[PDB]
Structures are given as structure tokens and as C-alpha cells.
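See structure below.
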Amino acid sequence: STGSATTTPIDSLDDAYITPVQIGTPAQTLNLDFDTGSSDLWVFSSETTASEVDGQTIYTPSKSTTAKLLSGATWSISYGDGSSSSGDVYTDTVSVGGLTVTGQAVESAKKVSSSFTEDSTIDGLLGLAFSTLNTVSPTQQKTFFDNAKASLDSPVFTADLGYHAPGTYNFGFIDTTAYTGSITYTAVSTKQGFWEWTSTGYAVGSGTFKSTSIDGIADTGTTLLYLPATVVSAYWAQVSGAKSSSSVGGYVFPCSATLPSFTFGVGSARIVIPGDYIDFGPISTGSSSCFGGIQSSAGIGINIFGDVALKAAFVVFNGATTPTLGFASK
């Protein structure tokens, strides 16, 4: 089997992407944030504290003839950005782009933190990291990909995120029309539960490539590109007036600037992030200070190839017995 679904930016900055997901019988369609950095499929629901729901579409398990309470199971997750959610668990039928999993754990939120409430466009998350990170207790549950894998034509999914435009998540096949050149594959460590890999270096604008190993995660659920402070300083030094602002929380730059590109290495191959992809707009409405899309990972504990990087590539998440990651230009 295969599936194919369009993923759409939630706003004009590409702060996140939402993908429609069918849950239950009859189908209830929720728009979920596909997150290769986590491993829980959780939704706003009829059980979510009423004051914490503000415009999201909810899953109502009592209206699904295929929903079953997973008795005794609870879940609770905290993301690196400080947001969180928790609740209980149902199993139900879940379909993405025509690919169906029966018996998928659907984690129903009883509580969500303020950032989730405040984002009316995201109805929940669909985790695509390794199932070892799943938070369900006392019986850990499998991700949608992990459940679908054996049925797929090939044990892979691909992320093709758009810049200020829709893109595609495919399951079970590689669309050879969706990229240019060849796909370069690189090794993955699953030891921390992430799609963790080592970039071979970087360049700023038209500058020379610096060969250096950068260990990080391919994370569709993180907006920005977080890299070591040395790399980030070298980038922003090429933008007149750019500076790190403790009060804003990262590098800012004059909105009048033209940003240079940023290149990262995948083996001997190179992925070029255009300068425009690094502009996250005014820090507050009407400001002439703009927020940068490349930020320091110091204090995070890991480097993060988030959407800013991934949207410049066609990315293969290869879930073969030994997982790997593939990157192509597009």
C-alpha cells in the first residue's frame, strides 16, 4: 500500500504545516502537525478541558463505531519549546492520504498548554520519530508509520515541504518526479529515538564550504534551523546590523536586509537554503527588526534541522531494518 497527503503551512511564515488525517468511523478529519521529532499521535477531543479549546476541530470517540478505550492507558508529553499535553488513549482507524491503519493509538487530550489552545489551526500532532519515544503508559504504543510499515510497498515516508506553499507527505514510495538530481543517503542513529544524522559541513552565501561534522535531528515539527553557535555567528556576521538579542530570544536582523543563502552538507552532496527561507518577519507587528530562521542550538542540547532546512530538500525517512535518511535538491 501507499498514501499521499498534501501538507499546508498554517500561516504566511511557514511556522508549521498541517496535514488532514481521517480518524474513526465515520471519518472525523483533523488537521495534524506531522512531527518527525516526536512519537505520539494526539488530538484535541471531546475530553479536552473546554476552556483550553479555542477553534480546533475535536475528535469525539463516542461518535466513532471503531473507537475503543485503551483501558488504563495514559499519556503526557512535554516538547522542547515548553509546550505540553496529556490525556487518555483510544484505538481507532486512522487514514492518511488513502493509507489506513486499524488499531492505531489515538491519544485524546484532556489538557493542553496555552500555546496549543492559542493555535486554532493545529488539531493535534502525528509523531513520526521512533516508537521508543512514545509516552503512553503502562504499554508504549507504536507510531502510525511503525504500524503501517509492513503493509507499505517500501518501508519509507518522504517529506516535501513547501516554501510559502503546500507540499506533500508520501508513505510507501519515492516520487521520482519530486526532486532533481539524485538522493544522497546518510546514516541514522536511533539511540535517542530521533532521525539523528551527521551533516558534513556548511557554507554561507557564496563562501567556501567548511567541512565539519554537525550531529543533529531531522525534525519536521520544529520551525527553524538550530545549529552550533560558531556556525550561526558565521552566518549572521554576513548580514549588516544582525545581532543576537537576549530580549527577543535569538538573532534578529534589519527587515531591509537581503539574506544570504545557507548550504549544508549531506555526504558529498549539498543542500542550498535560499536566503528568503531564513526570514521570519517582524519580531512584532510593524517592527523593522526581523527574526532569523537560523538560530543557536546552545542550551538545547542537540542541533535541529527543522523546517527551514528540510523545506529546501526532498527528504526520505527510510525505515528499513537499519534506518537511513535521504536528501535531494528539488
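Labeling convention for the C-alpha cells: chains A, B, ... as they appear, residues from 1 per chain, ligands from 1 in order of appearance.
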Spatial neighbours of segment 314-330 of chain A, 8 Å, only C-alpha atoms, chain gap at least 3 places, as a ChimeraX atom specification: /A:149,155-161,174,178-188,195,197,266,271-272,310-311
Export, as a CSV table (one decimal), in the first residue's frame, the selected residues with C-alpha atoms.
chain,number,residue,atom,x,y,z
A,149,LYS,CA,5.3,-0.1,7.7
A,155,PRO,CA,9.2,0.9,4.4
A,156,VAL,CA,9.7,4.7,3.9
A,157,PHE,CA,8.0,8.0,4.1
A,158,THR,CA,9.0,11.3,2.5
A,159,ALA,CA,8.7,14.9,3.4
A,160,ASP,CA,8.5,17.5,0.7
A,161,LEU,CA,7.7,20.8,2.5
A,174,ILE,CA,9.6,7.6,-3.5
A,178,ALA,CA,9.5,15.3,-7.0
A,179,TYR,CA,13.2,16.1,-6.8
A,180,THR,CA,16.2,16.9,-9.1
A,181,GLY,CA,19.4,15.0,-9.4
A,182,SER,CA,20.0,12.0,-7.1
A,183,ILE,CA,19.1,11.3,-3.5
A,184,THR,CA,22.1,11.1,-1.1
A,185,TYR,CA,21.6,8.7,1.8
A,186,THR,CA,23.3,9.2,5.1
A,187,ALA,CA,23.5,7.1,8.3
A,188,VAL,CA,21.0,7.5,11.2
A,195,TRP,CA,16.1,10.7,13.0
A,197,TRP,CA,22.3,12.1,11.4
A,266,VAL,CA,24.8,15.6,3.2
A,271,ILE,CA,21.5,21.4,0.0
A,272,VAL,CA,21.1,25.1,-0.5
A,310,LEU,CA,14.0,20.4,5.4
A,311,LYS,CA,11.8,22.6,3.1
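Residues of segment 83-247 of chain A that DSSP, applied to the backbone, places in alpha helix (DSSP H): residues 114, 115, 116, 117, 118, 144, 145, 146, 147, 148, 229, 230, 231, 232, 233, 234, 235 and 236 of chain A.
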Preceding selection exported with C-alpha atoms as a PDB file, in the first residue's frame:
ATOM      1  CA  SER A 114      -1.606  27.585  26.328  1.00  0.00           C
ATOM      2  CA  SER A 115       0.378  27.591  23.083  1.00  0.00           C
ATOM      3  CA  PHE A 116      -1.755  24.729  21.767  1.00  0.00           C
ATOM      4  CA  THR A 117      -5.007  26.443  22.777  1.00  0.00           C
ATOM      5  CA  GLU A 118      -3.833  29.663  21.136  1.00  0.00           C
ATOM      6  CA  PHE A 144       1.318   5.474  12.571  1.00  0.00           C
ATOM      7  CA  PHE A 145       4.376   4.793  10.392  1.00  0.00           C
ATOM      8  CA  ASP A 146       5.507   1.891  12.586  1.00  0.00           C
ATOM      9  CA  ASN A 147       2.029   0.319  12.343  1.00  0.00           C
ATOM     10  CA  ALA A 148       1.789   0.878   8.571  1.00  0.00           C
ATOM     11  CA  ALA A 229      26.819  28.985  17.962  1.00  0.00           C
ATOM     12  CA  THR A 230      30.003  29.153  15.865  1.00  0.00           C
ATOM     13  CA  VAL A 231      28.101  28.293  12.661  1.00  0.00           C
ATOM     14  CA  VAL A 232      25.231  30.657  13.450  1.00  0.00           C
ATOM     15  CA  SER A 233      27.591  33.547  14.226  1.00  0.00           C
ATOM     16  CA  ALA A 234      29.390  32.976  10.915  1.00  0.00           C
ATOM     17  CA  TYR A 235      26.045  33.195   9.089  1.00  0.00           C
ATOM     18  CA  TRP A 236      24.725  36.353  10.760  1.00  0.00           C
TER      19      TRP A 236
END
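Of the residues under consideration (A:126, A:203, A:278, A:99), A:278 shows the shortest atom-to-atom contact distance to residue 291 of chain A when counting only C-alpha atoms.
Distance annotation: of A:198, A:220, A:20, A:164, the residue with the minimal separation from residue 276 of chain A is A:164; atom set is only C-alpha atoms.
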Polymer residues at most 12 Å from residue 301 of chain A, only C-alpha atoms, same-chain spacing of 3 or more positions, as a PyMOL selection string: chain A and resi 80+192+215-217+226-229+296-298+304
For those residues, write C-alpha atoms to a file as a JSON list (two decimals), in the first residue's frame.
[["chain", "number", "residue", "atom", "x", "y", "z"],
["A", 80, "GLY", "CA", 11.43, 21.18, 23.94],
["A", 192, "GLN", "CA", 17.90, 8.95, 21.22],
["A", 215, "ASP", "CA", 25.18, 15.96, 14.51],
["A", 216, "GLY", "CA", 21.51, 16.84, 14.52],
["A", 217, "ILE", "CA", 17.94, 15.66, 14.02],
["A", 226, "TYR", "CA", 19.22, 25.32, 15.14],
["A", 227, "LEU", "CA", 22.99, 24.90, 14.79],
["A", 228, "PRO", "CA", 26.14, 25.42, 16.89],
["A", 229, "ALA", "CA", 26.82, 28.98, 17.96],
["A", 296, "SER", "CA", 21.85, 28.79, 18.01],
["A", 297, "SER", "CA", 21.27, 25.34, 19.47],
["A", 298, "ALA", "CA", 23.33, 26.22, 22.55],
["A", 304, "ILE", "CA", 17.86, 20.60, 14.89]]
